[PDB]
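What follows is one structure encoded as structure tokens, with my remarks underneath.
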Amino acid sequence: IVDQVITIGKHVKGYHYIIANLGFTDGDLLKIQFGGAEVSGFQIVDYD
Amino acid sequence: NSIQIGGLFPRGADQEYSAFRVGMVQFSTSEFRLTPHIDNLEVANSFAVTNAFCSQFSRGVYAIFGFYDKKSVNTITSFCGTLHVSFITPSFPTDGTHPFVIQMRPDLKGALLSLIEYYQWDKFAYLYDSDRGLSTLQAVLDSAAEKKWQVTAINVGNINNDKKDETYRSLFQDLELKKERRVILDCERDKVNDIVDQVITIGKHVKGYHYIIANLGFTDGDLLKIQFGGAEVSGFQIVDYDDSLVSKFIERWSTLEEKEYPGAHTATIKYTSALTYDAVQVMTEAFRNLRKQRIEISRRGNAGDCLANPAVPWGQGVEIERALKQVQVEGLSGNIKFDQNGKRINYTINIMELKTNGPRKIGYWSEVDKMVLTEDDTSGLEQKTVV
Amino acid sequence: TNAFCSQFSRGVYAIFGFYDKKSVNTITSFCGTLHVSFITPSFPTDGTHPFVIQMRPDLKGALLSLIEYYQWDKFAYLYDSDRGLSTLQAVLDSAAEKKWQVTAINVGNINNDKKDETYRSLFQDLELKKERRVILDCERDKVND
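Quick mapping for you: the protein sequence lines, in order, are chains A, B and C.
The numbering used here puts the last residue of the first sequence at 36; the count rises by one with no breaks.
The numbering used here puts the last residue of the second sequence at 981; the count rises by one with no breaks.
The numbering used here puts the last residue of the third sequence at 221; the count rises by one with no breaks.
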């Protein structure tokens, strides 16, 4: 989905995505990271 | 009849050499055979180029086909002019009138300026690369004075590639002060993909932006990425894949074994490679017009050292020039013709636009007719007004 | 190339001379390969070429500083391609950061056996924007002209 989102360009400022899983950092975010659209999620494994 | 010629191929010119080989086969006749002496050297290094030239000269060649960089170009043009040696090259055209040099690449400077006026641009960004000389940069800058343009020229060349990211972010930061939405990419097929990739990352490939790829290979690069973005992309194509001539070439090219012919198992071909193939045809027709003209030019491998002082030009070279420059055949890059200097004339450059279904020719550019649009108008546009 | 190899065969320890925007690459290359030292008053090389001693200091810096001193935002830049577009790129790149409206014009390729209808057409474009501030980047000769 994230890949498709970037292709159609719906990852720019104005969009807001929420990854509904316990592995937010488990996936590749470097792609929709500089797009502009805000992305939120959940992390169960605190690397801190 | 064995005609020895020189071949200066820069390390990495796989498809170019592959096309050079295919040309040797397609244009091989019983009347005479061409004997290529290949020398793979770093084209950028002026010193190396000097040796490769004097080496091929001592071996006693009749003509030399190779490439040059913005740095070594002066070496070639100079030696070939002094030693009366003919030099055929697909590389960028020389900025001036240098004799004994045959240039396969047509001047894009004209086609570019015409396209700008077509879209009626008054303020645009011009990202250039100093690799092919600032010949086109001066063109747009000088025209910016007459046509009154606000050009934002930026050298995207000296960007160090081992950390080239905080540079692009700071690049489009300046292209946002004036809200630049119209960019002209004057780069190689490689530097273009790098920019295109960055453009998509920052999301400046959506509707509102307009890019112009300032090269003769519009379909040579990957466009599938900025194809559905929304931003309009235009460019130039010299290899018309709609010609039955080119279409037939691809039929055999796309099938060739990629093992023996590196980067040759595709349906397309880089304009640099296509010019190499057309170069072989020009050299063949040239040496053929000398046989039918009853002109003796033959010699041996004892031309001597090129640094010989005083340097005496062999008169047989003057005829070899008048031969190549007189050649006029049909190749992958349209009608091939030359002037007294070596610059191509009476050629055609198709203007391309990138739509949803893919690239599409919207017209062509003639050195005598400027830009001329061809059928394609999506006539009409809901014109169905209300009575 | 001959003059270099000639002086090299004569067995010299160092070479002092000049180069043009065209022959500069020949010198920098040979002197780097043959480890021969080359001292020259000509324009500085655009990069880091070893075995080359340059007497001429880089003006690129002093120029950019002067522009800011007079607080220029819109000016014409008449340049000559004889000493390389090293300074041209300098003002163009800085025009992006400092936000300048530079009108660069190559006053070099002007054929001298009829160079008058060209100058009249030159200051005709420098009047569309009423340019009153010009930077002459040329040799001592092209400047007097």
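Note that CB positions come from ideal geometry on N, CA and C, so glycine has one too.
Item: Could you compute how far the alpha carbon of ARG699 (chain B) sits from the alpha carbon of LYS174 (chain C)?; Value: 37 Å
Item: Taking the beta carbon of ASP213 (chain C) as the centre, do at least 16 other beta carbons fall within 10 Å, making it buried, or is it exposed?; Value: buried
Item: Going by other Cβ atoms of all chains shown within 10 Å of its Cβ, with 16 needed for buried, is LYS1 (chain A) buried or exposed?; Value: exposed
Item: Tell me, to the nearest whole angstrom, how far the beta carbon of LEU884 (chain B) is from that of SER680 (chain B); I am working on the premise that it is less than 8 Å.; Value: The Cβ separation is near 12 Å, so there is no contact.
Item: Using 8 Å as the threshold, is the segment 839 to 851 of chain B in touch with the segment 961 to 977 of chain B, meaning 3 or more CB pairs across them?; Value: no
Item: For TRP959 (chain B), which of helix, strand or coil comes out of DSSP?; Value: strand
Item: Take the Cβ of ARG954 (chain B) as the centre, count every other Cβ of all protein chains shown within 10 Å, and call the residue buried at 16 or more, exposed below.; Value: exposed
Item: What residues from chain B crowd round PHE106 (chain C), counting only those whose CB sits closer than 9 Å?; Value: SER640, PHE641, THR644
Item: Any residues in the segment 744 to 756 of chain B with a beta carbon nearer than 8 Å to a beta carbon of chain C? Which ones, in chain order?; Value: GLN744, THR746, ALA747, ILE748, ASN749
Item: Measure from the C-beta of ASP156 (chain C) to each C-beta in chain B and report whether the shortest distance is under 8 Å.; Value: no
Item: Along chain B, in chain order, which residues have C-beta atoms closer than 7 Å to that of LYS98 (chain C)?; Value: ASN668
Item: Residues of chain B with CB closer than 8 Å to the CB of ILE(-4) (chain A), please, in chain order.; Value: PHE822
Item: Can you check which of these residues, B:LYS757, B:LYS665, B:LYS772, B:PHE686, is closest to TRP176 (chain C) by C-alpha distance?; Value: B:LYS772
Item: Using a beta-carbon distance below 8 Å, is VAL921 (chain B) in contact with chain A?; Value: no
Item: Could you tell me the distance, in whole angstroms, from the CA atom of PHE12 (chain A) to the CA atom of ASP759 (chain B)?; Value: 25 Å
Item: Just checking: is the beta-carbon of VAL(-10) (chain A) within a distance shorter than 8 Å of some beta-carbon in chain B?; Value: no
Item: Would you identify the three-state DSSP class for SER927 (chain B), choosing helix, strand or coil?; Value: coil
Item: Pairs of beta-carbons, one from the segment 195 to 205 of chain C and one from the segment 161 to 174 of chain C, closer than 8 Å: are there three or more?; Value: no
Item: For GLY895 (chain B), which residues of its own chain have a beta-carbon under 7 Å away from its beta-carbon, when the five flanking residues on both sides are left out?; Value: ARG653, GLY654
Item: According to a CB-to-CB cut-off of less than 7 Å, which residues of the segment 969 to 980 of chain B neighbour chain D?; Value: Reference to chain D is not applicable here, since the protein chains of this structure are A, B and C.
Item: Over the uninterrupted alpha helix (DSSP H) stretch that includes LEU635 (chain B), give me the two end residues.; Value: Not the alpha helix (DSSP H): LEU635 (chain B) falls in the beta strand (DSSP E), residues 627 to 635.
Item: Looking at C-beta atoms only, is the number of pairs between the segment 619 to 634 of chain B and the segment 662 to 669 of chain B that lie closer than 8 Å three or more?; Value: no
Item: Note down, in chain order, every chain B residue with its Cβ under 8 Å from the Cβ of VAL0 (chain A).; Value: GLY797, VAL800
Item: In chain order, what residues of the same chain lie with their CB nearer than 6 Å to the CB of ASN595 (chain B), ignoring the 5 residues before and after it?; Value: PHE626
Item: Name, going along the chain, the residues of the segment 196 to 220 of chain C whose beta-carbon falls closer than 9 Å to a beta-carbon of chain B.; Value: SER197, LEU198, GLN200, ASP201, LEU202, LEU204, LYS205
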